Amino acid sequence: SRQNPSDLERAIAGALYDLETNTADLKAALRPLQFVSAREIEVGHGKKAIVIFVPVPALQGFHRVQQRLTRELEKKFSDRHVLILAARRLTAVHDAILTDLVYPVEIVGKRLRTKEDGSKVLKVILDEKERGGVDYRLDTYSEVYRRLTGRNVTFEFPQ
Amino acid sequence: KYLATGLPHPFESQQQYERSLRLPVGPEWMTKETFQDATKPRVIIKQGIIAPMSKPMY
Amino acid sequence: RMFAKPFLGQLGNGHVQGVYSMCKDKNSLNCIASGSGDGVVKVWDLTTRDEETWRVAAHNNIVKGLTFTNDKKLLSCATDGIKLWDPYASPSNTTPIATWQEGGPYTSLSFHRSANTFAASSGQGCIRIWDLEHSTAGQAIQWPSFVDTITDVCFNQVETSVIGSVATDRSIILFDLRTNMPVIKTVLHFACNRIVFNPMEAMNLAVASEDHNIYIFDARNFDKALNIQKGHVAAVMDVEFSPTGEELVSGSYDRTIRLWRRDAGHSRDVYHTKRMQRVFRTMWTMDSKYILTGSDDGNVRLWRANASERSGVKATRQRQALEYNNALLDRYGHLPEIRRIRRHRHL
Amino acid sequence: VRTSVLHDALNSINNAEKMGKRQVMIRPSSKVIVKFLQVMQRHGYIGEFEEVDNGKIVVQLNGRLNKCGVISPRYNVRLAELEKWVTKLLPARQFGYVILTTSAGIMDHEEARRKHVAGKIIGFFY
Amino acid sequence: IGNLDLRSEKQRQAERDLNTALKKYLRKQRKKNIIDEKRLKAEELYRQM
Amino acid sequence: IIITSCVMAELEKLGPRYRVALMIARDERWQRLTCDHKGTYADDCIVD
Amino acid sequence: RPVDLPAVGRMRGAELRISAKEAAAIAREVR
Amino acid sequence: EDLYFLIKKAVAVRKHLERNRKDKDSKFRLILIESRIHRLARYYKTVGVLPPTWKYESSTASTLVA
RNA sequence: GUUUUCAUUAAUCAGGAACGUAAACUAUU
RNA sequence: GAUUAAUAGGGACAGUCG
Ligand SMILES: [Zn+2]
């Protein structure tokens, strides 16, 4: 692919290898994937969040199964926020980064609200039908999006 | 037009309201002390800075 | 109804553009200030209403918030950033003696009751609290993930170190200054223009809101409103409790001032004028007898509450006749003839 | 049909400022409209606006402005012409602003005299 | 002066909360001669009685 | 260049269509002659 | 007549139409 | 294709008009639908998806139902 | 209404083309 | 190598409506 491993790339790749056997009885995108890419940069203070980059048809190949895959990737690996994303190299690319960030939940609207001077704040709203299990992940979403792109956005459920 | 069309807000009964008014306020029918005590206003505002209350009174 | 003559006067020549902020001095009795839309502020003395006492071309944009310190000095917000002046000095100084730009676009001010502390509501979703003479940037208290602007801010004058704020999330938020964090946040249905507290009851607050409505809330139980004053036509721009804590003024976005009792739920009086263009800021004097109205015509007007009650020293058989009439209307005010004549007002 | 979506937006702003409303729903959005409202917000005639997406713009207005307008043929203007154009478009030289699509962007005539650049007259407010 | 209009108070509370006589009823309402469906219900009641 | 309070009163009594002329009149650099009479009628004020 | 209306061209709604002579008339006045 | 359905509607209208021959509302709708056909056909010519010498008057209708 | 497609195809009318006894009181709101 | 899918278009289908 692109990589020769770091300290944790081989660990996450060994997790993807170990999910084949000695477990379920579920594998569809597990065998056609290799070492891909990963990053470990902090979210908040004290906690970190692991992101893994994915080839661009394997994003829908991963949209096939992401329930309980990310649960076991959270539990069995390091007890931190696991997060998959496509790898890419403008505004359509950042839109793609947002809509592949929020994986169960479809974003609805973007409100780019200016202030009484030249400053402006973007705020993307989410879907109301899934609210309970995402709100503790929202600051991780915002911080990973800032760390990858540079644009401060804040995530909020509509009320 | 001198009858009242409905009960006033705090009152719950016709006997209560029509028996609660019952006594003229004026100085012809009541004494001077009674007239003063019955037409004292509820809030008595004197002149000056009415500053918000510093410490609890009770 | 014959001697109801509420308009008393107008402070000076007024401003050029409309009066978008004004603030009294809560320690003195005749010190007013008003900042207009072309960014000029004026300090008025209520004893000599012929001309202003001190004016300065303060900012560039409109003056959004304005307040008096507890010593003698006054503060003013803008989108420029907040500034501090000494309007009472033996030479007049136009230049400020302190200025603050960091902390986003500020919207309103509120000064502490006793100390030299004040809180400025900014547009970054935070309020920030300065103590004069030993703090430079202040401490920024915010709801943890908050983006929408905090429109108004108000120190509770009775219970010190409790700060209320409204925000364009149609929400009210509280703040405890003793442990520097927000406390509780409730979302209402429509946006609230202004929060204010009761100066005799420490826990009651009133929000003037774009629902044409005044909501009297209890700060301990935000479940339901203690009272809902509904009388307006356009949105309510400003609300202010009387310093006796039993009445309210609201200047609305149409051309009306509405005077309210605290338990009423409907208008005691309505004040209007063809020359008054809109109403933005209404506040009592510390007499709790006269109210002041900063309009969009550039005028600060001085009305009176209790429109038919003249001031000054009365003889005993004069004030006894007035108190006798008020008690008699308290009794027989609900009969039909008396009711229609006491409710008729020309709108 | 008025292809001038800026003129449809400014017609909606004038209708709200006449009717005394406190916000609008500018239904077709653009970028020149956003720059126009950015200048109006710099000079304080409009409170706060947001672009939401289906998009449209929600424009909180203070109740301070009198009239918005677009100059439909968009005539080119130099600085020595800009002084006469300002004093022929505005009721007073100290009230209101003329909007310019310059090589430095979209700005008011005072910022154009600051940055020493001329351009086309696109609109005005006062 | 100040006593209750009892009819008006009963109407206010209504708008807030919202075999020996039924023969002379028909004797009084056979003379109109409006048919008036309450009288149809009264005729069915008299037939049952 | 002076403006009586009757003149300012009639300019204010005309509606918010005349707000620009009102601000032009309310320019600060001009003398304001306060009037002591009742009706605020500018013609009779100016003539008296 | 309205006071606020500018003196160069006709105004329809929010659209102000300037004829080609009027923008030439201002350029003549400048020179 | 939009043009295919439009010329199908045109042949249907002209066949009904040939059978009946007396009414005028079908003739007016035929004029509307032939103007619509020519406008969409001109846009597809200036794109170039179909031959620029391809024309429909009635013989293309006949040779596309045949 | 749809869990439907090409993505400027469009707006306006110079020229032209199809249909054909009466009158008499009057961006929103 | 092919954008928003327009709060402007034209078409298709279904139950219909006059
Ligand atoms: Zn006079």
# chains A, B, ... in the order shown; residues from 1 in each chain; ligands from 1
call {"tool": "residues_near_ligand", "arguments": {"ligand": "ligand 1", "cutoff": "7 Å", "atoms": "only C-alpha atoms (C1' of nucleotides) and all ligand atoms", "output": "short mmCIF file (atom, residue, chain, number, x, y, z; two decimals) with N, CA, C and O atoms, in the first residue's frame"}}
result
data_model
loop_
_atom_site.label_atom_id
_atom_site.label_comp_id
_atom_site.auth_asym_id
_atom_site.auth_seq_id
_atom_site.Cartn_x
_atom_site.Cartn_y
_atom_site.Cartn_z
N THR F 4 -35.83 75.69 15.47
CA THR F 4 -36.63 75.72 16.67
C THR F 4 -37.16 74.33 16.99
O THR F 4 -37.21 73.43 16.14
N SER F 5 -37.58 74.16 18.25
CA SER F 5 -38.12 72.89 18.67
C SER F 5 -39.48 72.60 18.05
O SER F 5 -39.85 71.43 17.97
N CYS F 6 -40.19 73.61 17.57
CA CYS F 6 -41.39 73.35 16.78
C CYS F 6 -41.04 72.74 15.43
O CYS F 6 -41.77 71.87 14.93
N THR F 34 -34.81 76.59 22.09
CA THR F 34 -35.95 76.01 22.78
C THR F 34 -37.09 77.02 22.81
O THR F 34 -36.86 78.23 22.94
N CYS F 35 -38.31 76.54 22.62
CA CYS F 35 -39.45 77.43 22.58
C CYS F 35 -40.31 77.26 23.82
O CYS F 35 -40.48 76.15 24.34
N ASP F 36 -40.87 78.37 24.29
CA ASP F 36 -41.75 78.36 25.46
C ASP F 36 -43.12 78.81 24.99
O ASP F 36 -43.50 79.97 25.15
N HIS F 37 -43.87 77.87 24.43
CA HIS F 37 -45.25 78.05 24.02
C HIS F 37 -45.86 76.66 23.90
O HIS F 37 -45.20 75.66 24.17
N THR F 40 -46.82 73.89 19.37
CA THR F 40 -45.80 73.42 18.42
C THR F 40 -46.26 73.59 16.97
O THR F 40 -46.31 72.64 16.19
N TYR F 41 -46.59 74.83 16.62
CA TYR F 41 -46.92 75.22 15.26
C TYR F 41 -45.78 76.09 14.75
O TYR F 41 -45.58 77.21 15.25
N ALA F 42 -45.04 75.57 13.77
CA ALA F 42 -43.77 76.16 13.37
C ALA F 42 -43.94 77.53 12.72
O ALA F 42 -43.08 78.39 12.90
N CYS F 45 -44.66 80.04 15.50
CA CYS F 45 -43.44 80.16 16.31
C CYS F 45 -42.40 81.02 15.62
O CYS F 45 -41.82 81.92 16.23
#
call {"tool": "residues_around", "arguments": {"residues": "residue 19 (chain B)", "least_positions_apart": "5", "cutoff": "10 Å", "atoms": "only C-alpha atoms (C1' of nucleotides)", "output": "PyMOL selection string"}}
result
(chain B and resi 13-14) or (chain E and resi 3)
call {"tool": "residues_around", "arguments": {"residues": "residue 191 (chain C)", "least_positions_apart": "3", "cutoff": "7 Å", "atoms": "only C-alpha atoms (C1' of nucleotides)", "output": "list in words"}}
result
residues 168, 169, 170, 209 and 210 of chain C
call {"tool": "interface_residues", "arguments": {"of": "chain I", "to": "chain D", "cutoff": "9 Å", "atoms": "only C-alpha atoms (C1' of nucleotides)", "output": "list in words"}}
result
residues 11, 27 and 28 of chain I
call {"tool": "atom_distance", "arguments": {"atom1": "CA of residue 52 (chain C)", "atom2": "CA of residue 30 (chain C)"}}
result
12.2 Å
call {"tool": "interface_residues", "arguments": {"of": "chain H", "to": "chain J", "cutoff": "9 Å", "atoms": "only C-alpha atoms (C1' of nucleotides)", "output": "VMD selection string"}}
result
chain H and resid 1 to 3 5 to 6 36 40
call {"tool": "atom_distance", "arguments": {"atom1": "CA of residue 36 (chain B)", "atom2": "CA of residue 6 (chain C)"}}
result
28.1 Å
call {"tool": "select_by_dssp", "arguments": {"residues": "chain G", "states": "helix (DSSP H, G or I)", "output": "ChimeraX atom specification"}}
result
/G:20-30
call {"tool": "residues_around", "arguments": {"residues": "region 14-16 of chain F", "least_positions_apart": "2", "cutoff": "10 Å", "atoms": "only C-alpha atoms (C1' of nucleotides)", "output": "list in words"}}
result
residues 274, 275, 276, 277, 278, 296 and 297 of chain C; 18 and 66 of chain D; 9, 10, 11, 12, 18, 19, 20, 21 and 22 of chain F
call {"tool": "atom_distance", "arguments": {"atom1": "CA of residue 42 (chain H)", "atom2": "CA of residue 57 (chain H)"}}
result
13.8 Å
call {"tool": "interface_residues", "arguments": {"of": "chain C", "to": "chain D", "cutoff": "10 Å", "atoms": "only C-alpha atoms", "output": "PDB file with N, CA and C atoms, in the first residue's frame"}}
result
ATOM      1  N   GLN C  17     -28.681  59.752  15.826  1.00  0.00           N
ATOM      2  CA  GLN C  17     -29.369  58.517  15.506  1.00  0.00           C
ATOM      3  C   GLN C  17     -29.990  57.972  16.786  1.00  0.00           C
ATOM      4  N   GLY C  18     -30.640  56.814  16.690  1.00  0.00           N
ATOM      5  CA  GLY C  18     -31.468  56.336  17.779  1.00  0.00           C
ATOM      6  C   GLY C  18     -30.671  55.929  19.001  1.00  0.00           C
ATOM      7  N   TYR C  20     -29.676  53.310  21.375  1.00  0.00           N
ATOM      8  CA  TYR C  20     -29.661  51.860  21.396  1.00  0.00           C
ATOM      9  C   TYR C  20     -29.151  51.285  22.702  1.00  0.00           C
ATOM     10  N   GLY C  37     -26.691  55.292  18.197  1.00  0.00           N
ATOM     11  CA  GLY C  37     -26.369  54.414  17.094  1.00  0.00           C
ATOM     12  C   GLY C  37     -25.200  54.872  16.251  1.00  0.00           C
ATOM     13  N   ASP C  38     -24.848  56.151  16.318  1.00  0.00           N
ATOM     14  CA  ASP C  38     -23.628  56.602  15.663  1.00  0.00           C
ATOM     15  C   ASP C  38     -22.429  56.556  16.585  1.00  0.00           C
ATOM     16  N   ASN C  60     -17.119  53.342  16.845  1.00  0.00           N
ATOM     17  CA  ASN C  60     -17.468  53.451  15.435  1.00  0.00           C
ATOM     18  C   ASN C  60     -18.895  52.985  15.195  1.00  0.00           C
ATOM     19  N   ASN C  61     -19.222  51.803  15.688  1.00  0.00           N
ATOM     20  CA  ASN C  61     -20.511  51.179  15.444  1.00  0.00           C
ATOM     21  C   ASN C  61     -21.499  51.645  16.511  1.00  0.00           C
ATOM     22  N   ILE C  62     -22.649  50.977  16.613  1.00  0.00           N
ATOM     23  CA  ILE C  62     -23.606  51.335  17.646  1.00  0.00           C
ATOM     24  C   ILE C  62     -23.073  50.913  19.010  1.00  0.00           C
ATOM     25  N   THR C  79     -18.949  46.762  19.053  1.00  0.00           N
ATOM     26  CA  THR C  79     -18.234  45.727  18.327  1.00  0.00           C
ATOM     27  C   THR C  79     -16.738  46.007  18.295  1.00  0.00           C
ATOM     28  N   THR C 149     -24.584  33.522  20.313  1.00  0.00           N
ATOM     29  CA  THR C 149     -24.177  34.711  21.044  1.00  0.00           C
ATOM     30  C   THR C 149     -25.018  34.881  22.294  1.00  0.00           C
ATOM     31  N   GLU C 210     -39.272  37.596  22.181  1.00  0.00           N
ATOM     32  CA  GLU C 210     -39.816  37.752  20.834  1.00  0.00           C
ATOM     33  C   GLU C 210     -41.158  37.071  20.628  1.00  0.00           C
ATOM     34  N   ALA C 234     -45.746  43.997  18.760  1.00  0.00           N
ATOM     35  CA  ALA C 234     -44.467  43.615  18.207  1.00  0.00           C
ATOM     36  C   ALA C 234     -43.613  43.092  19.357  1.00  0.00           C
ATOM     37  N   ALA C 235     -42.375  42.733  19.051  1.00  0.00           N
ATOM     38  CA  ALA C 235     -41.537  42.062  20.029  1.00  0.00           C
ATOM     39  C   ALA C 235     -41.175  42.984  21.182  1.00  0.00           C
ATOM     40  N   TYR C 253     -41.027  46.744  20.455  1.00  0.00           N
ATOM     41  CA  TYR C 253     -40.512  47.077  19.141  1.00  0.00           C
ATOM     42  C   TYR C 253     -41.499  47.856  18.300  1.00  0.00           C
ATOM     43  N   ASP C 254     -42.777  47.838  18.646  1.00  0.00           N
ATOM     44  CA  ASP C 254     -43.673  48.858  18.139  1.00  0.00           C
ATOM     45  C   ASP C 254     -43.595  50.045  19.090  1.00  0.00           C
ATOM     46  N   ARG C 278     -39.388  54.120  17.657  1.00  0.00           N
ATOM     47  CA  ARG C 278     -39.467  52.767  18.201  1.00  0.00           C
ATOM     48  C   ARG C 278     -39.034  52.879  19.644  1.00  0.00           C
ATOM     49  N   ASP C 296     -35.774  55.032  19.193  1.00  0.00           N
ATOM     50  CA  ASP C 296     -35.026  55.020  17.947  1.00  0.00           C
ATOM     51  C   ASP C 296     -35.072  56.355  17.229  1.00  0.00           C
TER      52      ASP C 296
END
call {"tool": "residues_around", "arguments": {"residues": "residue 23 (chain G)", "least_positions_apart": "5", "cutoff": "9 Å", "atoms": "only C-alpha atoms (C1' of nucleotides)", "output": "MDAnalysis selection string"}}
result
(chainID D and resid 75) or (chainID G and resid 8 18 28)
call {"tool": "residues_around", "arguments": {"residues": "residue 4 (chain E)", "least_positions_apart": "5", "cutoff": "10 Å", "atoms": "only C-alpha atoms (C1' of nucleotides)", "output": "JSON, numbers by chain"}}
result
{"B": [2, 3, 4, 5, 6, 7, 14, 15, 17, 18], "E": [9]}
call {"tool": "residues_around", "arguments": {"residues": "residue 27 (chain G)", "least_positions_apart": "5", "cutoff": "12 Å", "atoms": "only C-alpha atoms (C1' of nucleotides)", "output": "number ranges by chain"}}
result
D: 75-85; G: 20-22
